[PDB]
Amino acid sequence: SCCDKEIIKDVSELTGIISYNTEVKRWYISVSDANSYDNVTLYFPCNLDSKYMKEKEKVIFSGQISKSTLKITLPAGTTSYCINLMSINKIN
């Protein structure tokens, strides 16, 4: 895995929205928890192909997640992980 920290688990076929964090200058995939006020998981891929580096791009993805190492300002309810993408495809 491209992630520094040990693999926690594998995530399979999650649906998220791609965006860029200007603070750490890194792309991430955002997955919100339906029906919650503010539960969001950010997945920071260390192997994202430039083809998917587009704002608000919707993807279906799978990969190995690890604890994030990034010094990032997160709102409450938002957690972040590092991800080694195994599959990623544009949707709609």
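From 1 onward, residues are counted along the sequence shown.
As the entry records it, the average C-alpha temperature factor is higher for 57 to 65, out of 31 to 39 and 57 to 65.
Per-chain ranking of the deposited C-alpha B factor places residue 74 in the lowest third. Residue 12: CA B factor lies in the middle third for its chain, per the PDB record. In the PDB entry, residue 80 places in the lowest third of its chain by CA B-factor.
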